[PDB]
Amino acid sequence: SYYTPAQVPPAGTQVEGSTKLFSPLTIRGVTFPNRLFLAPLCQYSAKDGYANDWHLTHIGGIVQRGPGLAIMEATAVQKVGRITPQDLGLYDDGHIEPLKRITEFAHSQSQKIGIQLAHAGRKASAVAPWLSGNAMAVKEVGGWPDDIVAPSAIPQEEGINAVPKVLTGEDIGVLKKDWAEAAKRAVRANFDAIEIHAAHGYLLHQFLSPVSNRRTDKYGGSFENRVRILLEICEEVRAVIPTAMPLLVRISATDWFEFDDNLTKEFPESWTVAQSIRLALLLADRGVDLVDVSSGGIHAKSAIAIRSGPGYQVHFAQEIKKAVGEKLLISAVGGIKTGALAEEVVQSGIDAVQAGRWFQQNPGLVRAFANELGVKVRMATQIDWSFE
């Protein structure tokens, strides 16, 4: 073989330097070149759940610049489980082909790509956040307010959201099968990893939290009952995806009520960090490789933790990681917006960090972090050449 090109590592490889952040991480059959992941970040740009060239150019522009793993936004496992009418879906076989075009591009760059499987439950059929932080998408704009579902018939915010329909046991069986089928579709779309969304007040968190889950069947009313649907979904997803495939779960570490004097009185039973630790070990027992630690979402008084400060919920990730040790990988997310902070989080014992907004603000976040840390991390050949 003549004129063989010089071999190069994937973009995102630490070619000079010894930071932990830009050191590789292997989970089962996949090696990520570094531990700075793109967090799932809804784009509100789809019709009928299909990815289009917005998603391809958005994700592709970031993947050119070497995140260790690029996790695609919340992708609904049921049509009625979309957050907005503009969400991605994996509930139709037709969804596979456009997503495959994105994974193909990532793989042309020798990059790793994942997707977050999701269901919004009682927070479904809402409008994009630039229209409202919480308002219904009515049927005339593609909404389905009459068809949203939940563990209990309680609206997210009364007077704003539709009252959800209560899932029956049969409905829960169908839901679990649909989660598994969406996972099978993600595999057919050639994703390298899958994440289950169990956070941010969406359907699985609605079962986890006694604030939203008032059921008295086997899916509510005790810790074992409240985590049951998530544990069952993890088992059934693991049963249908390759054993080589990393399985991630994103959780809300707490409803935050436990940390405020008044809110604890108002909601004396809620989802808490101690329950998250207990849950994390049960997840590890079912083949979940990594848990990403966010927080919030279950109530108007408990927003999704999208905040303005640095590393604002790293401490939850650290408490969980201290409790679980090497039995489970942990990633932190939230305001991890400089290289110094990202490296400090992983040096403290956290296995990886994720950034969401900071990648959309700066698709070259990896190189910014590398520059701050005084190390060299390869970009795409064309991009590195542009610095000449």
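In this text, residue numbers run from 1 along the sequence as written.
- Averaged over their C-alpha atoms, the temperature factors of 308-316 and 246-254 are higher for 308-316.
- If you average the C-alpha B-factors over 258-266 and over 180-188, the higher value belongs to 258-266.
- Considering 110, 225, 103, 84 together, the PDB entry gives 110 the largest C-alpha B factor.
- Each of 354, 45, 34, 360 has a CA temperature factor in the record; the biggest one is found at 360.
- Sorting the modelled residues of the chain by their CA temperature factor places residue 334 in the middle third.
- Among the modelled residues of the chain, residue 130 sits in the highest third by CA temperature factor in this PDB entry.
- Among the modelled residues of its chain, residue 93 has a C-alpha B-factor that falls in the middle third according to the deposited record.
- Ranked within its chain, residue 214 lands in the middle third, by CA B factor from the PDB record.
- Per the deposited record, the Cα B-factor of residue 68 falls in the lowest third when ranked against the other modelled residues of its chain.
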